[PDB]
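Data first, discussion second: the structure below is written as C-alpha cells.
Every read-out reported here was derived from the displayed coordinates using simple, explicitly stated rules and does not represent laboratory data. Virtual Cβ from ideal backbone geometry, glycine too; neighbours counted across all protein chains shown.
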Amino acid sequence: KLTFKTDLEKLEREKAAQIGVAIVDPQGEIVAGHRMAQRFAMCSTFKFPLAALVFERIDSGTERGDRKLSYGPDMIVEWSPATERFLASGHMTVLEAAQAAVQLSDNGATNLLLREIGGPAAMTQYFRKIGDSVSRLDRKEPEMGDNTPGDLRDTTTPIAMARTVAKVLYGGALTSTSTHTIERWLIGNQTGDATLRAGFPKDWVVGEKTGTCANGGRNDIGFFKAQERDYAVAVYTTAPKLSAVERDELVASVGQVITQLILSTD
Ligand SMILES: *C(=O)/C=C/N[C@@H](C(=O)O)[C@](C)(Cn1cc[n+](C)n1)S(=O)O
C-alpha cells in the first residue's frame, strides 16, 4: 500500500531513521516491505533462530532438552538475569537457557547455547540449511551487537529474516510440538511490551523477539495472526538520534502502520 510506504517514509524523515520491514505470508510470499533487502544488524533478534536450531537438534535427537549445561561466573555478561539467578546451582538446562535467551534476551544464556552448538559458525550453517543465504552470525554476545556503521558481520535483511521466521513457524522446520512451544515462548516474551505488539490490535495473536544494538539499532521480529490470517514480520530500525524510549515508540508506530495496511487489505 501507498499509505504504508508514505507513512514509513514520513517516520524516517521526521525521526532521522531508517526502517526496514518485511511482511510475508506463511509460505514466504511478500505482503509488503520497506528497505526489505537492506542489511541491518540483527542484535538480539538472532536468539529466535538460535532457539529454532536448538529445537531442531532436540527434534532430531542430537540434543536433549533437559541436558544440564554447567557454567561458572565467566559466562555472565551484561544483561544475564536468568544466568545470574541459576549461577549458584551451577547449570541451566538446554531448554531453560533457550527460554531465557528468547523471553528475557539473556545474553549469558545465549552464549551458553553457542558454546554447545559450535559457536557462530554453527548458527550461520543453520540459516543456510533452512534456505536463508543472507543472515549471518559472526560473533557472540556482546560484540555481535556493536553495529558499526557499514559492517556486514552479524546482519540480516528484513525479507530474509521474515522468510526465516515463516519457515520456522509455518514451513515445517520443526515438529508440531516444538513449533507450538517456540510460538508460546514468543507470545510470552517479556521484552516486547512497548515495541511492535504495542502497535497491533489487542485481539491479534502476536509473538516476537526484540533486539537492541549500539548506534541506534532497535528491532523486533515475529508473527501475528489477524483473525484467521497468519503473517511473519521482521522490523529493523536505525535511529541514532532518538532516545531509547523514542526508539520503542518508533517500532510501535511501525506496528500501527502495518495494522492499517492489514486492516485495509481485507
Ligand atoms: C540484544 O539485542 C542484546 C542487547 N544487548 C545490549 C542492550 O541490551 O542494549 C547490551 C546489554 C548493552 N548494554 C545495555 C546496558 N549495558 C550494561 N549494556 S550488550 O549486550 O551490548
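Between residue 175 and residue 85, full extension at 0.36 nm per residue minus the direct alpha carbon distance yields a gain of 29.3 nm. If you bin all the Cα-Cα distances of the chain at 5 Å, starting from zero, the percentages per bin are 1, 6, 14, 19, 20, 17, 12, 7, 3, 1, 0, 0.
Tell me whether segment 81-230 comes out rounded, prolate or oblate; compute the Cα gyration tensor, take square roots of the eigenvalues as a ≥ b ≥ c, and use a/c under 1.5 as the rounded threshold. Taking the square roots of the gyration eigenvalues as a ≥ b ≥ c, segment 81-230 is rounded. What residue among 105, 133, 253 has the largest mean-square fluctuation in a Gaussian network model of the chain, using Cα springs under 10 Å? Maximum fluctuation in the GNM of the chain, among the listed residues, is at 133.
Taking Cβ atoms as reference points and 13 Å as the exclusive limit, the residues near residue 264 contribute a net charge of -1, counting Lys and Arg as +1 and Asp and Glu as -1.
Residue by residue, segment 97-107 carries 3J(HN,Hα) couplings of 4, 4, 5, 5, 4, 6, 8, 10, 6, 4, 7 Hz when phi is fed to the Karplus relation 6.51 cos²θ - 1.76 cosθ + 1.60 (θ = phi - 60°); x denotes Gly or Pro. When 225, 241 are arranged by Cβ crowding within 10 Å, least crowded first, meaning fewest neighbours, the order is 241, 225. Of the cross-linked pairs 1/167; 140/241; 47/68; 10/241, which ones have a Cα-Cα span greater than 21 Å in the structure shown? Check vs 21 Å cut-off fails for 1/167; 140/241.
Remark: segment 48-57, residue by residue, has Karplus-estimated 3J(HN,Hα) of 5, x, 4, 4, 4, 4, 4, 5, 4, 5 Hz, where x stands for each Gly or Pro and the curve is 6.51 cos²θ - 1.76 cosθ + 1.60 at θ = phi - 60°. Residues 89, 80, 178, ranked from the fewest to the most other C-beta atoms within 10 Å, line up as 89, 178, 80.
Need one word for segment 130-190: rounded, prolate or oblate. Basis is the Cα gyration tensor (sqrt eigenvalues a ≥ b ≥ c); a/c below 1.5 gives rounded, then a/b vs b/c decides. Because a/c hits 1.5 or more and a/b exceeds b/c, segment 130-190 counts as prolate. Comparing mean-square fluctuations of 158, 49, 149 from a GNM of the chain with C-alpha springs under 10 Å, the top value falls on 149. Each residue in 157, 164, 265, 62 was given a count of other beta-carbon atoms within 10 angstrom of its own, and listing them fewest first yields 62, 265, 157, 164. In this rough spin-label picture, where each label sits 7 Å from Cα along the Cβ direction, the residue 27-residue 225 distance is 2.0 nm.
Counted by Cβ distance under 12 Å from residue 93, the other residues give a net charge of -1, where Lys and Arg count +1 and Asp and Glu count -1. Under 5 Å between amide hydrogens, built in the peptide plane, is the criterion, and for residue 230 it picks out nothing among residues at least 5 positions away or on other chains. On the basis of the beta-carbon distance and an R0 of 30 Å, residue 38 and residue 205 show a calculated FRET efficiency of 0.55.
Contact order, relative form, for the chain: 26 percent (alpha carbon pairs under 8 Å, 6 or more residues apart, mean separation divided by residue count).
Work out which GluC sites (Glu not before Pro) in the chain are exposed loop sites (DSSP not H, G, I, E or B, at most 15 other Cβ within 10 Å) and give the longest gap free of them. By the stated rule (loop sites, at most 15 other Cβ atoms within 10 Å), 79-227. Its relative contact order, with pairs defined as Cα atoms under 8 Å and 6+ residues apart, puts segment 135-180 at 33 percent.
Among the trypsin sites (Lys or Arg not before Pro) within segment 18-79, those in coil by DSSP and having at most 15 neighbouring Cβ atoms inside 10 Å are 64, 67.
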